[PDB]
């Protein structure tokens, strides 16, 4: 497997860049980013990564989500001057989330759990 | 009830200070074309697969009926 | 997600899996179900 | 303030009037209210029909005819019940396909999906035993063919078959017990629906964008009552057309012949909403393997919130494979209504294999690749 | 632009106990008009085929 | 139109028969090819059905034109 | 198999097929007269009563005079015996046989089925009935028919036990209509189509009213939906985020 | 906690395991769990019964006989379902008398009392129309006498009566609709029971001392599970005695005769739990006034949380008057099974007058005097 898995990575990278191009074209009309597509209810690591963030980053993420949901209700897209400024691949969460997942993988090899649970309501 | 930190100004108009259904006639052809532009690929691949497999099956069934004749 | 995402994220390790003694004591409930079904149906010639 | 003084006002206000709901919900989020309305319609028209139906093999068909001709508004009630079953299955199938498209069963809504699969199984059993009540040719012979699948289980198959029949064949005790079970199971459906809805209100609905929506929530009662009324009126139009203009369109002509246990029809087929399961069963030339395949289909439906990755519009590979899955299930629906033939057997086998491939291979693996593409 | 009259508002719209009987009489007359239109269209289209046409023909 | 006490349907069916000469030829070819049969299973019901389906589809609206 | 399926019947231009169209009630009356004189020697129609023909097919007095010409078993009297009487409006149509077994015995083993729901009880009902009644054709090559059976390619299997029963002039209509075999078959097919769906005209009138009312209510509900959602669909949100 | 992660386990834990209950509740607080057990038993036995019962005249009596002699365990099921109605009414009556003794409907438990009175009315209607179903002489003639009492409302009388009957007399349409209504009403009973229990849990139960018990509360699920099990075993002993040794003791022998509309029995009396209302009706020599008095009894029952002052012990005058009320009600129960006689008419009139006097004069005025004596 190692003989063919040396060059199976550039094909993965090309497919990933094509995928991100198409989806980022879809995302930019709503003013969203790739990291806004991660739900703290859907993943407890994302919920952990989101409380490790400074408050202005969280305020900006909430503002972008509110704008996108308003656009989705109105069946609209962003205007051309806003749409040309959109940066769908500017990460704000991937470093913190990668650190959180690495910590959870480290605790699991020693039999320890994660020091957080799912978000439980009511 | 799930405090959300956010900074905005929101404006809203009374529903008796605007029209109700008059813009629905203007936007109707554009919305039709936008709907088919967005869902064109999925509806087409559904139609191609369903009608092609159904047509192939019905054709071969008719050939099977013809093969039983004397 | 919790089912296959946990296997793919590397969160399911041998140190986190249940022990072989735990699997022995949990799997002993299988004989209880067999004897409960035999008590309910009584489909035996076992009494002799 | 007034709803703060009585518990029943408070629960109703919280869960019906002031319940927060995402503002960007489209008309694909109306299937649940329509399914609840169709369940209420089925319960009302069935309760009204039960005052004139007699569950005996000498009077069942005759009482159906007497209700059709002599009872005032009896034809409207009977056609409304028989076609409301089909519209109930249409609305529920579209609801499930919405959930499959958006991946709505994912965390934290595993309980909602599991209670939904339970509801669908109870619905299938309810409709199947309700169809036997007119005691026509299809009503007799379909119950004979389907309850004879218990003999595929070795050793204790015929004993379970005779215990369910009450005798050596489908006869009067079968019809009487089917009538009691059929009257009973809709109330279990109402309880299951109440539990299913109260499970969703813990976290709320998902939105068409697939993102977190806690920043943009509006009251349910003021806004989504009218939006549900619009869809209810579109459903009432189709209901009126089916009841008054084409009442036997979705039926079978052989169910208007009285039941004869000594002469089977040439083409025993179920109602249309059981045809995909019937095609899955007929495609496999082994009764035990067919029953196992149906059970594995429903097990894969139960295991969707734990093996499924991949959701709505922004996850494009699974979004494209959804339409292939939809074409596959409609091909299974069409294949069930056709006779056994080598090409239909082959095509049914391939279609069942593709359904299993989509459920168990595409949803975990392709979902994981697109998560790695988008966020890796 | 188009706007409901004030004097017509103060009479039939300000109280629900006056609005509801007006609603019921309007509902009655709307049902009568719809019944009349449907029956006239049906009898005009199917003229000569009904039982009453044969009975009035035999007079 | 004048309604006749005799049956118009056989005459109309005979009138549509030149419109389906190909199916009639196929049926007669089948009837000739199973002439020497001895097993009692050879029959030509399918080509017969093709011919009469063509004739029936021709003659169906012209039959009710002659009936009250 | 094609021979087991039988020949399909063509689609005839029936005047009641459209959702705006009523029955031809003169044809129902002529179809009942074919029923009394040809059909009813061996077919029961056990779910019809003379009361249901009133206002559709006959007046009250005509239906009473028709019912009074039938003998109906009634009882028991004060001496515990069974007697006969004149039929009335509430009585059902007479059955030619007391039971299924004598019906089979009178017809070579085949039971002539009930005709109250034979139109809705067959695929392509009226067209199949008309083509079966007018379709006793010559059998094709290699198809032999046993004694007591007759060829009909519209009957599934091709071998029916019902002989040719409609003949030219075999019914004397009271409205002057000449009674060929095709006219008799069309009239009895119309009567049987009425028998399967006796309230089709009333159902269609109610359906027209319901479709009109629901179509108006759809527009009114769309208006009230868009009025409530207007402050949300036109709201202005301004924030500091540019991205 | 495991119950803190699934919302179903949280509700079940909160309302059945850890629910705080006063520790000094005696054995007269076991009426409610016994009533729920009897409701569940009636539902189970009836659903089993409906698989062998045919709801048509000329088949109903024979189907009950075939159930009794030919269905395996069918006699046990029928006798259990018949005597379970009597035990259900015994338990619910003792529950109501407990609430009358302790003043259990007072503030803040008025909704509990009102939902109880609604449950009692639905129980009465359910038991009556279920008693019609075997189609004997008592069934037919009781259904005739009770439903032909709508000719007391002026003008709109026999119209309502003939619409109830589906005809001009009690016949096959009345039996056929009574089967459907009787099958359906116990599910409304179960839902109303769930609402009734949920209304009590807002404030918890009263105690035999009649004081505030917030300082001395213990867990329900450990301490009051075995205490309910003891009373359930006593009820099972009485139930088993009634089923196996005296199965027809509480019934009427005339209901074993097939119904004859042209011959009436000598004495037409209902089941024992309907006898006090029957005595109130039969004592007054006017039909409309009898129906008005029957309605006034239940109106005074609804008004009891808003007019009734006075509880158990330490309020001794109303405590003593409770025993006169109990004697009055038991006397009305005895009088309903007798014949119409001038002395029995006079005694029944006096008993009805005292029942109204206690419900409307003693409970407010004597209770106010007790409050002025104790805390004035």
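So that you can tell them apart, the chains are marked A, B, C, D, E, F, G and H in the order they are listed, and the count of residues begins at 1 in each.
As a working rule, a contact is a pair of C-beta atoms (placed from the backbone, for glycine too) under 8 Å apart; a residue touches a chain by one contact, two chains touch by 3 or more.
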Strictly by the touch rule at the top, which chains does subunit B share as contacts with subunit E? G
Between chain pairs A-C and B-D, which one is joined by a greater number of C-beta pairs in contact? B-D
From the centre of subunit D, which other chain's Cα mean sits the farthest off? F
Which whole number of Å gives the spacing of the CA centres of subunit F and subunit G? 27
Between subunit A and subunit H, centroid-to-centroid distance (C-alpha), Å: 62
Can you check how far apart subunit B and subunit H are, centre to centre, with Cα atoms defining each centre and the answer in Å? 57
Centre-to-centre distance between subunit F and subunit D (centres being mean Cα positions), rounded to whole Å: 47
Name the residues of subunit H that each touch 2 or more other chains. 7
Scan subunit G for residues touching two or more other chains and write them down. 2, 142, 204, 222, 228, 232, 235, 237, 239-240
Can you list every residue of subunit B that touches 2 or more other chains, as numbers and ranges? 4, 6-8, 65, 68, 70
Which positions of subunit C touch subunit D when the two form their complex? 1-5, 8
As the complex stands, subunit D meets subunit A at residues 22-24, 106-108, 202-203, 207-213, 215-216, 313-314, 316, 370, 372-376
Subunit B-facing residues of subunit G, complex: 1-2, 142, 222-223, 226-228, 230-232, 234-240
In their shared complex, subunit D is touched by residues of subunit A numbered 15-16, 19-20, 22-23, 26-27, 30, 32, 34-43, 62, 65-66, 68-70, 72-73, 94, 118-119, 121-122
Across the complex, what residues on subunit B touch subunit D? 1-2, 4, 6, 41-43, 45-46, 49-50, 53-54, 57, 60-61, 64
